[PDB]
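Note sheet for the following structure.
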Ligand SMILES: NC(=O)c1ccc[n+]([C@@H]2O[C@H](COP(=O)([O-])OP(=O)(O)OC[C@H]3O[C@@H](n4cnc5c(N)ncnc54)[C@H](O)[C@@H]3O)[C@@H](O)[C@H]2O)c1
Ligand SMILES: NC(=O)c1ccc[n+]([C@@H]2O[C@H](COP(=O)([O-])OP(=O)(O)OC[C@H]3O[C@@H](n4cnc5c(N)ncnc54)[C@H](O)[C@@H]3O)[C@@H](O)[C@H]2O)c1
Ligand SMILES: NC(=O)c1ccc[n+]([C@@H]2O[C@H](COP(=O)([O-])OP(=O)(O)OC[C@H]3O[C@@H](n4cnc5c(N)ncnc54)[C@H](O)[C@@H]3O)[C@@H](O)[C@H]2O)c1
Ligand SMILES: NC(=O)c1ccc[n+]([C@@H]2O[C@H](COP(=O)([O-])OP(=O)(O)OC[C@H]3O[C@@H](n4cnc5c(N)ncnc54)[C@H](O)[C@@H]3O)[C@@H](O)[C@H]2O)c1
Ligand SMILES: [Cl-]
Ligand SMILES: [Cl-]
Ligand SMILES: [Cl-]
Ligand SMILES: [Cl-]
């Protein structure tokens, strides 16, 4: 089975390898590109503030990591076209740096000798997969594909089930979400976004997201029907997405919950809970999204009805399990 | 006409009531406090505040009093309000902040013990419930026990009133992303019967019920039964935000919504406006009960259908207290 | 052939420590069986707290409940709700050893109520005055079959004692002072407000560095008699959920180098399931879930020397919740077999 | 005297330098700022502060300036100090707050770029290093590049000075339990070659090195080489504490230590005293470089051996900044 390279050995990139080893994937990770020394990547891989000690041995040499006894070449090329993917035969690149989020930009990996790129972020108008929502749209001719955001992977399965069961006419979402590396530790410049410049562990911070606006790449029938944003708050990982919808039918809360429960049955990407969990309970989830029946709310006056549905997601590990499900299929094609 | 206040419950709100009266140089004087602890400990907590920093006035204590800015305040430790000797120092209006007398029936005890009026710092069932600069005109001279609802009501009501007056609210649901409070838990452990309240508040996003929207009708009677909502409690110490998703009575643009809110906030001591990219710590110490944030307005339109999201910040401690004090100063003149 | 050791346990106080006691006993597949729990709350709430843990994540076994029990990994555990230990009906399911985790019975006088209630022995998860007090793999050889009520001291004691023991054995400790930079606990406050008579305990624990008294150093003589009255110290409670670190500054009986100290400490951690060693640049979250009572950190060793005066700073990490619990369980397993 | 200042690095320290200068109505004139960003973003950050709240003065900007309390401040964006055009507005003293010029050879660049003096907001090697009200009398009219050491030095030095003057410090070791800073990481990820600095600062106790004790001899020459120490960085946003364990030259009691420190803080604008049970958030906004805490003094004695533990609080941002400004004011006049 296919050989993989990881560009960007960050929060997502390191967890990609963790999850591939955890599921004993036949994918062989043969090369990693980042901006730093093997010694430092080894330290970051062995010790994780969110998920604890790495479950396999980690060592490094001057130019590689040794993970569970197996060598992974380490490169440090800030420009992707300079990465020597052919040296170890990396055919599929998991693109996790944040800096190649377009077909034009990730073309650099194919120029550098790879066959396919899976981008761990929204990447404009390209094929965009939420596993177990629209992964059947992948085919053998795709070369550059996106798995959208963590938030998309949370929102899409819930929106899909509601639309399939009842029709979504229009809706808006807010995700209350763990802070990430795009934000700031102390108040200081963070590119052009003013709110991103503010101390992330000390604030509720409004944040734009494209999860709702671009949902049509994943669920074409919902194109233009959703908007949304984020409130970034001081938890280290673990997030929750609220969606307020007008549906195509009057419903009860039990009816909505029953429809979602059916959508999560035999569904390794989309979980269900009716337990009164909190964000730390989603840390380490193996789902991309967990619908929370306890938070469903129907507000009605006359023939006007608003439906609020809520799903949790581990924006790090849970999303990564979706990235890996997509990678395994992308690599078989 | 009334000028002497007693505080029952010298907690987060109780202590800030005193701070704010002194800050605005009120003619109302706090003459007595009832709590569950010693003056030494109340002095410590009044002097040193994790959220608002050092108390701006001198504080000392004796065995049975606090001395604040050179003025003596009697301190009692009566667990049952009927036993508080309000008459000794002449406390006329009781600011009821314990959480344990949130009904006209329960707070009657303060009148039984010799006070003239009670202002409850929380929802208290179906009594007159005031958001200052929304419905404080409903107060008259015959009222003896009233509520100022919750911090969340004081955040939701001014925004909902402005939208309803301008456009009509047909139906809506709110979510407040809110600072954790003392009803929650420091470590995972029992907290009465409330499962989510049992979880470590500074390490979790925790869904939480609120009556702010369900009981809005007490403040805006035309919206009775038209709103629902809840909270997501998160790890900030104070400073919160309320999102409201509404179906309005006409099609609107974001600019139209924001300009209506700007007009409702103009020369409005209770209801502020920002179009700056603020975050929750910027609201700490706010002197408003609510601050509408025009940067977060969102209109989602599909044909005849339309969802309007409006967002307002609130300092659930100090900002709310400024509203409690506005209501108190008026309540005391009627 | 083999006469059965005591095997049935009751837990008083199904709190942070009590719930982890059960987790660790199942983890190590102990032959001890928790047959009963006493707390102040319903089975429903205990089952919710056992299943969902903010510090260690989902419980690794099934959890259900009835009106009067928990069902854990298919096994029934009776649940009682007696706030006075003397009233707990320990004899109904035959609880022999009580793991006393409420914080309300920290003396022999108080904890003997469990014996009146039908138990045979009590192990207290906290300092409990001058009773027999065990840090496993430091002084557990002082336990014998006539010990009926025993203490495992505090988390901080189980961190401090193995480091002090190694230093004292190797070099002599003449005098020393400890500061533990420690995760906040349930004795503190979520928001500023009264917390008994302790002023600092009244302040918001997740928003402050908070000085805090501890007896780990002052009572060390119960565990290392030669250091009785030679140590003092305190804690700085800080905003992490679990995971702590203890610094000891000592005058030793000999001049030393940092490498000599680190080597002595490494030797003391060898073949020692209670006491670990690291020379990696770890931080507190790396100790969460530790199976040691204490992990010596060679990277933080510091020798300050002016002439014949010398100060030695030695530092050990500890998971004040799970790491401490592993020590409590090691002591319980031995206690049951004496 | 010189009156015109430039700030290099408009960060946490750089912005608070400006805030404090205005707070104390200094006659110093900040005429220029160099950073890496646009006036728009610098204006936003000056106006809204997560640790100290809203800026007390008006703030606007243009494409190349800030307008603060009505006064124009030029904004440059030169990443190499030698290219900063300090002569355009005649900046004479540079307050060097980037962390990238912490040596005489590095900060020489500001002088080549037209400035007359540099005050570095950090340790900067073997140069004149001032803790105000410990050794500011060593500042000399010919000095042109000076350091104010670290926040931790400004905490440790006044305590060590008082102990050494009264009793003699023979040897000692320090641990500061300290708020996290921008040298650390928000999420786990590379942070130069510094492994512990690479770990999520608001979720960890993180040991780290500090020169505060090792270099104390620059400030208190008799203690050169007599102190060592380090830091534990923990999740509070600002507000820190320093513990010192010492062998003294004299047998002492706690009261004796505390009284000696009390006397050293009397009439001392840089060095405060408390015997209240304060916690870190109570030091936020302090106007001292250091506040000695008598409640934490500990004497451990066995026979003729004695260890003395003394503890001082410090606001590593604003408190240190008040010391930087004191030094700057004196520096400007020499
Ligand atoms: N919650 C999350 O963190 C999350 C969830 C879903 C998707 N994503 C997306 O995944 C991607 C990475 O997110 P992350 O949290 O892992 O960020 P991160 O900052 O933790 O990791 C980025 C890694 O890429 C390295 N890097 C940066 N530029 C590079 C370059 N030119 N070449 C090679 N390496 C480079 C960095 O050293 C770092 O190690 C982003 O696109 C992000 O939007 C993040
Ligand atoms: N914290 C907020 O953000 C907020 C906002 C709006 C309204 N409120 C409401 O104000 C009231 C107080 O809230 P808080 O955050 O200050 O809680 P708190 O726990 O900080 O204060 C409660 C105080 O009352 C004392 N107390 C409890 N029972 C008492 C009794 N029988 N007699 C005398 N004293 C007693 C307690 O010792 C404590 O000092 C509550 O009803 C709350 O719902 C809180
Ligand atoms: N948390 C730590 O880091 C730590 C470490 C070592 C030792 N300890 C000690 O372990 C003991 C428990 O600590 P914890 O952190 O689990 O406290 P906790 O507050 O989390 O648990 C106490 C439990 O006991 C229950 N309880 C209280 N009184 C009771 C009573 N009279 N009868 C029955 N149940 C009662 C409570 O409902 C709660 O569930 C304490 O003595 C503590 O000093 C704590
Ligand atoms: N934060 C504290 O507690 C504290 C206390 C005492 C001393 N210090 C020291 O003060 C200095 C700054 O500390 P800080 O906390 O403000 O750091 P910071 O990261 O908050 O601010 C540094 C500023 O310098 C800018 N900058 C970086 N490189 C630059 C360059 N080449 N040219 C122009 N601008 C540049 C950055 O954009 C930023 O605005 C450091 O030397 C630090 O050691 C910090
Ligand atoms: Cl949108
Ligand atoms: Cl509701
Ligand atoms: Cl002690
Ligand atoms: Cl040193």
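Chains as they are written, first to last, in the deposited numbering: chain Q, 1 to 333; chain R, 0 to 333; chain O, -4 to 333; chain P, 0 to 333.
Where is the CB? At the ideal position from N, CA and C, for every residue including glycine.
Where residue i falls, given that 16 or more other Cβ within 10 Å makes a residue buried
i, result
"residue 258 of chain O", "exposed"
"residue 231 of chain O", "buried"
"residue 1 of chain Q", "exposed"
"residue 306 of chain P", "buried"
"residue 42 of chain O", "buried"
"residue 262 of chain R", "exposed"
Test: residue i CB closer than 9 Å to a CB of chain Q
i, result
"residue 335 of chain R", "This structure does not reach residue 335 of chain R, given that chain R is present from 0 up to 333, and the question cannot be answered."
"residue 176 of chain R", "yes"
"residue 22 of chain R", "no"
"residue 299 of chain R", "yes"
Cβ-Cβ distance between residue i and residue j below 9 Å
i, j, result
"residue 23 of chain Q", "residue 94 of chain Q", "no"
"residue 282 of chain Q", "residue 223 of chain Q", "no"
"residue 149 of chain O", "residue 211 of chain O", "yes"
"residue 330 of chain P", "residue 249 of chain P", "no"
"residue 233 of chain O", "residue 234 of chain P", "yes"
"residue 31 of chain R", "residue 83 of chain R", "yes"
"residue 47 of chain Q", "residue 198 of chain P", "yes"
"residue 29 of chain Q", "residue 58 of chain Q", "no"
"residue 226 of chain R", "residue 168 of chain R", "yes"
Minimum Cβ-Cβ distance from residue i to chain R less than 9 Å
i, result
"residue 167 of chain Q", "no"
Neighbour flag for residue i against chain O, beta carbons, 9 Å
i, result
"residue 318 of chain P", "no"
"residue 152 of chain P", "no"
"residue 170 of chain P", "yes"
Beta-carbon neighbours of residue i, restricted to chain R and to distances below 7 Å
i, result
"residue 242 of chain Q", "174"
Chain-ordered neighbours of residue i on chain Q, where CB pairs are closer than 8 Å
i, result
"residue 35 of chain P", "189"
9 Å Cβ cutoff, residue i in contact with chain P
i, result
"residue 246 of chain O", "yes"
Review point. Given a limit of 8 Å on CB to CB distance, which residues of the segment 264 to 296 of chain P reach chain R?
Key: Residues 275, 276, 277, 278, 280, 281, 283 and 284.
**Study point:** Within 8 Å of chain R by C-beta, residues of the segment 179 to 212 of chain O in sequence order
**Key:** Per Cβ criterion, the list reads 179, 180, 181, 183, 184, 185, 186, 187, 188, 189, 192, 194, 197, 198, 199, 200, 201, 202 and 203.
Practice item. With 9 Å as the C-beta to C-beta threshold (strictly closer), list the residues of the segment 37 to 71 of chain Q near chain O in chain order. Key: Result list: 43, 46, 47, 48, 49, 50, 52 and 53.
**Study point:** Interface positions of the segment 216 to 239 of chain R facing chain O (Cβ-Cβ less than 8 Å), listed along the chain
**Key:** Contacts with chain O (Cβ-Cβ distance below 8 Å) from the segment 216 to 239 of chain R involve 234 and 236, listed in chain order.
Review point. Got a sec: which bits of the segment 301 to 314 of chain R sit with their beta carbon under 7 Å from any beta carbon on chain Q, in order along the chain?
Key: Flagged, chain order: 301, 304, 306 and 308.
**Study point:** Positions along the segment 3 to 16 of chain P whose CB lies within less than 8 Å of some CB in chain Q
**Key:** Residues of the segment 3 to 16 of chain P whose Cβ lies closer than 8 Å to any Cβ of chain Q, in chain order: 10 and 11.
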